[PDB]
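Asker: Give me a 3D structure for the following:
(chains A, B, C, D, E, F, G, H, I, J, K, L, M and N, ligands or ions: 16)
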Amino acid sequence: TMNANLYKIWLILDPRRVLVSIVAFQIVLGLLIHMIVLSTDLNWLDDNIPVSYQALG
Amino acid sequence: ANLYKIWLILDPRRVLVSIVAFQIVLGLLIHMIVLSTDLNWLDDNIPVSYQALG
Amino acid sequence: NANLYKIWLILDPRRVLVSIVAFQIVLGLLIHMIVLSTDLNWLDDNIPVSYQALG
Amino acid sequence: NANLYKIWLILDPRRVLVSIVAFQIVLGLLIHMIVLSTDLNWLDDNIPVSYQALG
Amino acid sequence: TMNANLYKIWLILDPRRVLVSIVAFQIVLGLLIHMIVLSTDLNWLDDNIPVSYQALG
Amino acid sequence: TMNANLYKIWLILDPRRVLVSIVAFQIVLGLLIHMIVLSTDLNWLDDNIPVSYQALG
Amino acid sequence: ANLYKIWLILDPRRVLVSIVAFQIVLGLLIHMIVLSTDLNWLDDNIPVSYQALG
Amino acid sequence: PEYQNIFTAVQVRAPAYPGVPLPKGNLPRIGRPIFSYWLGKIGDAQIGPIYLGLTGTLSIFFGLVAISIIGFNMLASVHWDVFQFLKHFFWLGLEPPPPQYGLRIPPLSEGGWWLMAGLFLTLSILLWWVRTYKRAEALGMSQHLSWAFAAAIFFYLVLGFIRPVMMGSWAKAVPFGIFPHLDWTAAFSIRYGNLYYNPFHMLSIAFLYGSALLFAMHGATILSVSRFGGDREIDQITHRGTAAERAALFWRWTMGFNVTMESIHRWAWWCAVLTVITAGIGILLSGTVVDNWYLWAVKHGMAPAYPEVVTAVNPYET
Amino acid sequence: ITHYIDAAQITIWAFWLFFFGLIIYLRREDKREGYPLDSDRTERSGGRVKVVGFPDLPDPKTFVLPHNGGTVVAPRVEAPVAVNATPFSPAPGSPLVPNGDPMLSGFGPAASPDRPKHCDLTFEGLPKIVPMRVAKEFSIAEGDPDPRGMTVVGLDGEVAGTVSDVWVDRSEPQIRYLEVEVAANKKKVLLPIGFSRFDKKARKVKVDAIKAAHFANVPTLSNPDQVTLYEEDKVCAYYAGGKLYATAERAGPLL
Amino acid sequence: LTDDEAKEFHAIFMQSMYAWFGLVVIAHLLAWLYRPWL
Amino acid sequence: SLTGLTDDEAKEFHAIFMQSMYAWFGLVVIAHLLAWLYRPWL
Amino acid sequence: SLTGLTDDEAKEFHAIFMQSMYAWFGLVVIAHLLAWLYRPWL
Amino acid sequence: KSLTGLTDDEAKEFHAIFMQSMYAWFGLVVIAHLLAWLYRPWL
Amino acid sequence: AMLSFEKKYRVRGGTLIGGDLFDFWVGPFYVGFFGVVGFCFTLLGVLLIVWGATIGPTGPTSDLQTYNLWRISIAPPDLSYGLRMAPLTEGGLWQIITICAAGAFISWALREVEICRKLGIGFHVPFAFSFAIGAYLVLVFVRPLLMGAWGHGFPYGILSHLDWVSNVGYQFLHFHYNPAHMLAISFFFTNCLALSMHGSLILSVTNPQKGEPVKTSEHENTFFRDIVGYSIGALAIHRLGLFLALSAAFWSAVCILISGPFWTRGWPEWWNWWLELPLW
Ligand SMILES: CCCCCCCCCCCCCCCCCC(=O)OC[C@H](COP(=O)([O-])OCC(O)COP(=O)([O-])OC[C@@H](COC(=O)CCCCCCCCCCCCCCCCC)OC(=O)CCCCCCCCCCCCCCCCC)OC(=O)CCCCCCCCCCCCCCCCC
Ligand code: BCL
Ligand code: BCL
Ligand code: BCL
Ligand code: BCL
Ligand SMILES: CC[C@H]1c2cc3[nH]c4c(c3C)C(=O)[C@H](C(=O)OC)c4c3nc(cc4[nH]c(cc(n2)[C@@H]1C)c(C(C)=O)c4C)[C@@H](C)[C@@H]3CCC(=O)OC/C=C(\C)CCC[C@H](C)CCC[C@H](C)CCCC(C)C
Ligand SMILES: COC(C)(C)C/C=C/C(C)=C/C=C/C(C)=C/C=C/C(C)=C/C=C\C=C(C)\C=C\C=C(C)\C=C\C=C(C)\C=C\CC(C)(C)OC
Ligand SMILES: [Ca+2]
Ligand SMILES: [Ca+2]
Ligand SMILES: [Ca+2]
Ligand SMILES: [Ca+2]
Ligand SMILES: [Ca+2]
Ligand SMILES: [Ca+2]
Ligand SMILES: [Ca+2]
Ligand SMILES: [Ca+2]
Ligand SMILES: [Fe+3]
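Answerer: Numbering: from 1, shown residues only, chains lettered A, B, ... in the order given. Ligands and ions are numbered 1, 2, ... in the order given. Next comes the structure:
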């Protein structure tokens, strides 16, 4: 249910600064989520899957 | 009924940017608070613990 | 009082509103944190169950 | 006194109102915390029940 | 045993600043003395009178 | 499934300035990702593979 | 094919100095990384321990 | 490159300024002013003249007596041996009376000299306080310096006088000596269970750091706009110039807000003054109210907890 | 007996009350210049809405100037002053671009307020900042070179002129400006000490701020024997504009 | 603000505040039924 | 005369101020009665 | 007005604001339902 | 006389490229999580 | 919003990196290239600090995890990891946050350089801020590097880092005798005196006694000549204050840099070179 005049948001919010804000936030957010996930049981690098490489050698 | 007149007092642009900033901060805060607790869905070994496989 | 409306000739309506919103949001966060710091904590009470025990 | 009203000829009503409001909120927050640091504490008194035990 | 021309003090000291200062001084002194009294045997908040409410639960 | 007028982004962001920002971001991202991976079981420097060279001496 | 046009928009001289400064740091960085691992070639007592010769 | 306005490259000279005339009742100033070329590289080349009335004369006399009583006892403590006095100078001190004497005047041979040095330095400082007040009065200036000085005197008084009296013993005051007064500082923290956990110690640190923060900011800001006459803060305050405008915008653009040319000196004034206010309160509460700051911090829920990786059996329990 | 509340805890809370009151005091003092703020909310509100933040502005204080110089008030209503620039983009938060030749635009680092058209005074009431020709009691400190007769060079090493006199502070003795007789037009212009490096062995004053040819447009003094506050700021701002405007490379960026 | 403008703001401000207080009351009745604290 | 308000405006502001403050004090009294019934502290 | 918006402009922004806010709250309710179904916390 | 300087047509034009570009980004996000959910389901 | 005199200074250009791409303000803040970069480092670092608080030292379910403001602590790795990267949950989180902080700090200073370029002012403030950055980097980079492990860095916790300071200090028995530490403290103390002296004098001459006009430069010089027989001058007092504050920071860095890398015994025993001189 998007409003027909939602495009008018760019009459209030500046494109370049909005674009910069989105890119910056998402990079920070993507880096954060990876480091959150890595610091849990969901960790995909040290799970010795498919094999452990410090054990193998 | 005349609640629309709020935009004659408070700047619509300033309200919008404030809501977006507040909601993102509150949203991040609540995830972290819940994650500090028993409700944590990342470290609950549900559906299984993947480190116990290796 | 009947003339209580005249307070908005004394205090800026715009500023009062913004002050109420800011105060209330901070007060609401403060009260939750206080309650969560007490026996009343509803997040770590293992109710209805402990989900970490389920794993 | 009958002319005590003339105090609003010497003190700015706008400043006095805001100062009272600010003082009352701070006093209210301060007093609640003082009482929370005494035997009168009503949040962690396990009355009616301790919610961390019942769970 | 008061003077009749004592009212002339308000020709010397600013009455607005005197009243404001009195209000400030009285509010602070009141906070101080309560805490002084609180930190003595006269302490009325944590004295378990009429009862101890933590011992009640 | 791109937008055929995606090139118009260079009418909003200065193209020569974006190049410098991308290159230095990528160098710092590469540094971060190596460090992170080096902190894990996938570590290729301290894995004694093919051999441990400290045990040779 | 038009990659040389990069030097019409970025000043060649400071690109050079950035590269030189970057390379020297990276070179120091990589050695200190290598030295802090099993590949360390200074304290590996290869071909011999010169201290043990005492 | 550019001129940084750190050193005066070209000094000029004019006949020495005798000072703003003072009202009747002030004594004439004394001294023939001289010029130092090398002081003139970093600041004002004029040295002197000086004002010296009864207050400052009495102050200096008390202060010279106090300083000499200290030095005499230092020299006596290496048996007049001047070479050993120089060898051990940083270690020597004049020691407070033993605890057995309480607050009573102790014997000349065992603490009387400390109490006399403490009395007369204290009177010397109090008279110096009056001097700072009088010199401003004679110039028609407000009393900001003497108010800030009083805050420092407060802290000084708490360390050596107020707390020892409250604790009933001169033995709890500070010895006069370089390294000896450092011993006192460390021993005080040990005795009272780690001063890091004293919340007024924490505040005092915040304000001491803030003073260096604020003077670095302000010192650097003014030199960067001194090309616009920004060091002339009187006329920048009454008649805002581009110096004061550019300074505020540098900070507004950096951290989102800014002050004025006048009000930065209020921030600076309060930051410095609060350093010694909180320090006095912190010491005033130590021993008198709180005996172990760590356990006080434990009690109010502040002390960090760590995984146990070392631990020791208490032989007093066994 | 035992109590949770103790005097250390009471006192530290009392400090926070004092401290936050102090912070609001200080923030009020901070708003005696530059406020209320120029915003696009005040434009669209037709001036109904003044942007001042929190806390609000203090009641005005008065500065009484010596020698019957008048009264200064703070805060004060200041007339808007036109900006000699046009926006780089119409979007809020965009910089502006100086009109015309940037050196002469009075915009950016070339900008300055309109200070009073009178001379700062000594305690005794004389013009404070004056050339050594007028304050004949001044001399150069022994050991340092006399700048008079030194050659003034611009950022590109070209000869801009000769030092024709030295302007000193009579209240607190120091050089504040060098007087430069500009070769190109034979006008005498002030040069702030803040923009001057001495090369003593060469007897040259180096000015990195502007080119030799830029000296022709240093703002001129209405009266050659004194300098008004107004003229002091216009002079200093013109040199400062060169820091950003005097060459193309100075616009940036590095990369 | 004019006199008529102040009455209009006051009427809308009071209904809005009482409405906000209504949500506050509902939240506490829900909280009291789930976890009474006195 | 020193704050700007007229003598009538001060009588009118005082009247509303006193009724407002008495109303606030009334709320304060109600809360302390409720507090005394739930948890008498003297 | 204090915002510069006309009476008709405030009605228009209000309609889009309220429409967007209700939509956002609808997403919030859906998320708390899924979270309640997966891991009830009360 | 808009606040951003954009005309009405430009806002529409920017909005259409912005919406299309954001959906493509979110689409990649969905694919990443589908792959992640297939590889390592976390609920 | 802008200061009422600000608009005439908001000039285009003067960037070091970025040019027109990021050359804009966000409210009062100038952004620019180092504004964008610094914001990312900062938000990441802050959010990773909060995540470390969320999981605590041994997981979010343990009794050691806490959001108590004084007790939150994110700690560096064990010394056994040397100069390598530890696992995120074993100090690696601290290691990433440190790099964010350094990047956040250095980006802040370079942004300041761009602001100075816009305003045509001297570069003293970013230059002075570099001393604070250097001290942070001595603490987390140079000194750990010279001793061979990032774990010699201090932990990021409001009270826990005071425990670090305490235990590092007492490794040298009586840290008060560190000569660079004594010198640095003298600068810290002298700076505070000088700051109170400067603040007082400016406020006292611009706010004189009632009925008095604003006082003059002649009053300022006379006033301290009357008290101490010397006046340094209104320019030089700002020179002095910057020198004292920067000297305090520099000798701080020196005093911790020599504690471990260049001295391992008690600090009092260092003074035995003095005691053992063949004069006495
Ligand atoms: C045991 C002690 C041993 C001490 C030994 C000392 C030896 C010397 C002994 C002799 C002492 C003589 C004292 C002076 C004599 C008379 C001087 C004089 O000329 O008077 C006329 C003098 C001048 O008149 P004027 O017309 O104002 O002239 C001013 C000029 O025009 C120019 O004025 P201006 O425009 O610059 O303005 C002046 C300035 C005024 O500043 C000062 O002059 C004094 C500076 C303070 C110095 C003391 C430090 C205070 C420490 C407090 C922290 C303690 C912690 C606990 C907190 C408790 C408080 C709650 O304005 C401000 O800075 C405003 C300050 C606002 C205060 C903080 C704001 C918040 C207050 C609370 C807010 C509400 C709370 C709840 C809020 C809720 C919401 C958050 O009268 C004054 O108004 C100024 C008063 C200052 C003089 C007395 C106070 C300072 C001197 C004593 C300091 C002692 C320090 C020791 C502290 C101990 C620890 C607690
Ligand atoms: C078990 C867990 C899974 C896993 C689960 C997921 C999931 C689930 C997701 C990711 C996502 C990402 N993962 Mg992962 N991830 C794993 C392991 C890894 C590892 C690793 C070392 O192990 C790495 C390096 C990555 C890397 C990445 C990124 C490619 C991506 C986040 C990009 C981002 O935030 O952009 C920040 C965003 C922006 C900048 C905005 C969008 C950019 C658009 C395309 C256009 C911008 C161009 C603009 C003009 C210029 C930009 C340059 C600027 C100058 C800076 N994954 C493992 C195997 N990963 C996300 C993803 O792929 O997103 C689609 C995602 O949803
Ligand atoms: C068991 C507990 C559940 C859980 C319970 C909840 C609940 C309950 C809610 C969320 C919500 C959110 N969760 Mg969660 N969440 C879980 C796991 C995760 C994980 C993870 C790594 O495991 C991540 C990254 C997230 C991330 C998020 C966000 C997508 C969203 C908050 C956005 C916000 O702050 O808006 C602030 C920003 C704005 C208001 C800006 C304006 C709107 C813009 C234009 C759109 C932004 C994108 C939007 C959020 C689309 C996502 C909707 C999806 C249906 C989730 N969840 C677990 C599995 N999560 C909230 C949500 O979806 O709200 C609707 C919410 O209420
Ligand atoms: C047993 C204890 C209960 C509990 C007891 C209470 C009580 C009691 C109250 C709240 C209130 C609120 N709680 Mg709680 N709360 C619980 C758990 C949570 C959790 C969580 C992670 O578990 C969260 C995030 C919240 C969040 C919230 C907010 C939605 C709300 C306060 C917002 C505010 O301050 O507005 C300040 C903002 C403004 C004044 C802005 C202007 C108003 C605007 C127009 C309305 C905004 C949206 C509105 C708040 C939506 C919800 C009302 C519904 C009744 C839910 N609760 C637990 C389960 N909660 C308060 C509330 O709902 O008030 C009505 C309240 O009084
Ligand atoms: C045993 C101890 C009691 C207790 C003893 C008391 C006592 C006794 C009093 C309060 C008062 C208050 N308590 Mg309590 N309080 C308890 C538990 C709580 C808890 C909690 C999480 O447990 C909370 C959040 C509160 C909250 C509050 C506020 C509603 C109120 C202070 C407002 C104020 O400062 O005004 C400052 C703001 C202003 C002056 C602004 C102007 C007033 C405006 C116009 C009115 C705003 C709405 C008003 C606050 C509504 C409340 C009145 C009702 C009669 C309750 N109480 C426990 C159960 N509380 C006070 C009170 O009700 O005051 C009447 C009071 O005297
Ligand atoms: C060199 C002399 C002194 C000095 C000067 C100095 N500092 C300065 C400046 C100057 C000249 C600035 O221009 C600059 C400024 O803009 O001030 C307003 C700054 C500044 N000095 C600051 C702080 C400060 N300076 C300090 C010290 C000093 N600064 C000196 C002693 C200290 C001390 C002693 O501890 C601190 C607390 C800031 C107010 C500001 C720099 C602001 C900044 O860089 O912002 C970007 C970063 C953030 C907003 C937060 C980043 C968060 C990180 C990514 C994560 C956190 C990691 C951190 C290591 C955790 C620490 C945790 C525990 C220790 C609690
Ligand atoms: C031989 O030497 C000559 C004569 C040539 C001169 C040389 C002198 C030298 C070299 C002196 C060296 C001095 C040094 C190195 C001093 C170092 C001092 C330090 C570091 C002191 C630090 C702190 C001291 C403090 C804080 C002391 C405070 C003491 C107080 C406040 C004591 C007050 C006592 C009072 C008010 C006593 C009152 C007595 C009553 C009234 C109670 O009597 C009953
Ligand atoms: Ca794997
Ligand atoms: Ca899971
Ligand atoms: Ca629960
Ligand atoms: Ca209860
Ligand atoms: Ca009782
Ligand atoms: Ca390998
Ligand atoms: Ca080898
Ligand atoms: Ca001793
Ligand atoms: Fe200054």
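
Asker: Within its local environment, how many residues does the closest residue to residue N:160 other than its chain neighbours see?
Answerer: In space, and not counting its chain neighbours, residue N:160 is closest to residue N:73: 3.7 Å by CB to CB, 6 or more residues apart in numbering or on different chains. The C-beta positions use only the backbone N, C-alpha and C, and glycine is treated the same way. By other CB atoms under 10 Å in any protein chain shown, the residues close to residue N:73 number 24.

Asker: Phi, psi for residue N:73 please.
Answerer: Backbone geometry at residue N:73, expressed as degrees, to the nearest 10, gives phi -150, psi 130.

Asker: again with residue I:232
Answerer: Torsion angles, degrees, to the nearest 10, at residue I:232: phi -60, psi -50.

Asker: Correct me if wrong: it contacts residue I:129.
Answerer: Yes. Counting by CB atoms under 8 Å, residue I:232 does reach residue I:129; the two are 7.5 Å apart.

Asker: picking that back up, give the contact list for the residue nearest to residue N:160.
Answerer: H:304, N:57, N:155, N:156, N:157, N:159, N:160, N:161 (CB atoms under 8 Å, 6 or more residues apart in numbering or on different chains).

Asker: Return the distance of it relative to residue N:144.
Answerer: 18 Å (CB to CB, to the nearest Å).

Asker: pretty sure residue I:76 is in contact with residue I:60, am I right?
Answerer: Yes. Contact criterion CB under 8 Å: residue I:76 and residue I:60 qualify, at 7.2 Å.

Asker: Any idea how many residues pack against residue 18?
Answerer: Let's take chain A. 17.

Asker: sorry, should have said chain H
Answerer: The burial count for residue H:18: 13, using other CB under 10 Å.

Asker: Over to residue N:264?
Answerer: Residue N:264, neighbours per other CB under 10 Å, totals 10.

Asker: Assumed it was part of a strand.
Answerer: No. According to DSSP: H, G, I helix; E, B strand; the rest coil, the state of residue N:264 is coil, so it is not within a strand.

Asker: From residue N:147, how far off is it?
Answerer: 10 Å.

Asker: what does residue N:26 give?
Answerer: 42 Å.

Asker: go on, residue N:34?
Answerer: With CB to CB as the criterion, residue N:34 and residue N:147 are 31 Å apart.

Asker: Considering only the stretch 151-255 of chain I, name the residue that lies closest to ligand 2.
Answerer: residue I:255 (13.5 Å; CB to the nearest ligand atom).

Asker: list the contacts for that residue?
Answerer: Per CB under 8 Å, 6+ apart, neighbours of residue I:255: F:20, G:10, G:11, G:14, G:15, G:18, N:16, N:17.

Asker: near chain I at all, stretch H:14-21?
Answerer: Yes. Counting by CB under 8 Å from any CB of the partner chain, chain I has neighbours in stretch H:14-21: H:14, H:15, H:20.

Asker: Equivalent analysis for stretch H:183-197, please.
Answerer: No. Counting by CB under 8 Å from any CB, chain I has no neighbours in stretch H:183-197; the shortest distance is 10.7 Å.

Asker: which residues touch that stretch?
Answerer: H:174-175, H:198, H:201-202, H:282, H:286-287, H:290-297, H:302-303, N:159, N:162-163, N:165-166, N:174, N:176.

Asker: hmm, back to that, okay, residue I:232 and residue I:129: which has more neighbours?
Answerer: For residue I:232 and residue I:129, the more surrounded residue by other CB under 10 Å is residue I:232, and the numbers stand at 28 against 24.

Asker: Tell me how many other residues surround the closest residue in space to the more buried one that isn't next to it in sequence.
Answerer: Excluding its sequence neighbours, the residue lying closest to residue I:232 (CB to CB, 6+ apart) is residue H:229, at 6.0 Å. Residues lying near residue H:229 (other CB under 10 Å) number 29.

Asker: can you pull the contacts of residue H:229?
Answerer: Neighbours of residue H:229 in contact, by CB under 8 Å, 6+ apart: H:235, H:236, H:241, H:243, I:176, I:192, I:194, I:232, I:233, I:236.
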